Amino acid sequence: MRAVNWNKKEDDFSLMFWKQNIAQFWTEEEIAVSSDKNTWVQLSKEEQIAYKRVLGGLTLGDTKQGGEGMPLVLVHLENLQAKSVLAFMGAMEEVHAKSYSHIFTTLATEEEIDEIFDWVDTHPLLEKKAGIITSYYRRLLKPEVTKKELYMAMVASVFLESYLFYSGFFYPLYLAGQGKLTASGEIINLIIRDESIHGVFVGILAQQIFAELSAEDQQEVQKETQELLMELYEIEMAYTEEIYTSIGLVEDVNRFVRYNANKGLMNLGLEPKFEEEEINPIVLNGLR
């Protein structure tokens, strides 16, 4: 039985990603958010509700990535150095999830926070989104998995945090770019800095697995990947309509979703499928 040996490279990238993930390590106590209260109260009830709902959804995604996605993918990887990187990434998903609770403790009462998490747990589209993604992870709950199954779980993982999440990162970035909730915006930018390299790394692993497949299996997962992309896109358009109609941002959020879907495809070595638009300039200022 093999032990991980870092003095002999198993690939050309795992060490670099290990060092980068460790270098970027942070926790929620590093950013004080109390100063956001002054701009929080300047928002409308509908704006506050949208903010809490999108952060509720982000918490769900990170809960599933740290608790199902990364662990089940990494268990089936044979590269021990890449496994190490995924374990660290999985830990950071739990830091991400906890940091949203750090924001909530400042911006909401205990009753209001209970309301958020109850709404998350019962929401039909969130359940549908999460259910489709985690079904790919659940297929890995067996002693031996096929590379097709492992590839598609990697695709699901890239789509979750390079793509599906951004319907949610939009609004904290949009507000931060307008000078509102900027401390919470600093936290969201730390999360995005992590997820950027999470998606690149998993996409590299996926491309390596894809190249190992038979031609028949490659054709199957190529088609399944494109179907999944557009299945999730249809659900995300319904979600954006539900969350953002009240505050007049549906089409803006949809453009951001398409932008990040193209990024997820490129992380997988695949061509863009949506027209190449510029990032919303207010969002861009929030990423600064």
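For every residue, the number given is its place in the sequence shown, counted from 1.
Novice: Would you tell me which stretch averages the higher CA B-factor in the PDB entry, 107-115 or 87-95?
Specialist: The recorded data point to 107-115.
Novice: Higher average CA B factor in the deposited record is what I'm after, so tell me if that's 52-60 or 24-32.
Specialist: On average, C-alpha B-factors are higher across 24-32.
Novice: According to the Cα B-factor stored in this entry, which of the following is highest: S196, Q81, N189, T146?
Specialist: Going by the entry's C-alpha B-factors, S196 comes out highest.
Novice: Report the option among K142, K180, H102, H76 whose CA atom has the maximum B-factor in the deposited record.
Specialist: Comparing C-alpha B-factors across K142, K180, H102, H76, the maximum falls on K142.
Novice: Determine, from the deposited record, the chain-internal third of the Cα B-factor for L284: lowest, middle or highest.
Specialist: Middle third by C-alpha B-factor.
Novice: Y137's Cα B-factor: lowest, middle or highest third of the chain?
Specialist: Middle third, going by the recorded CA B-factors of the chain.
Novice: Using only modelled residues of the chain, where does the Cα B factor of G203 rank: lowest third, middle third or highest third?
Specialist: Its C-alpha B-factor, which the entry lists for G203, ranks in the lowest third among residues of this chain.
Novice: For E224, return the chain-relative third of its C-alpha B-factor as stated in the PDB record: lowest, middle or highest.
Specialist: As the PDB entry reports it, the C-alpha B-factor of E224 lands in the lowest third of its chain.
Novice: Could you say whether, by C-alpha temperature factor, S157 belongs to the lowest, middle or highest third of its chain?
Specialist: It falls in the middle third of the chain.
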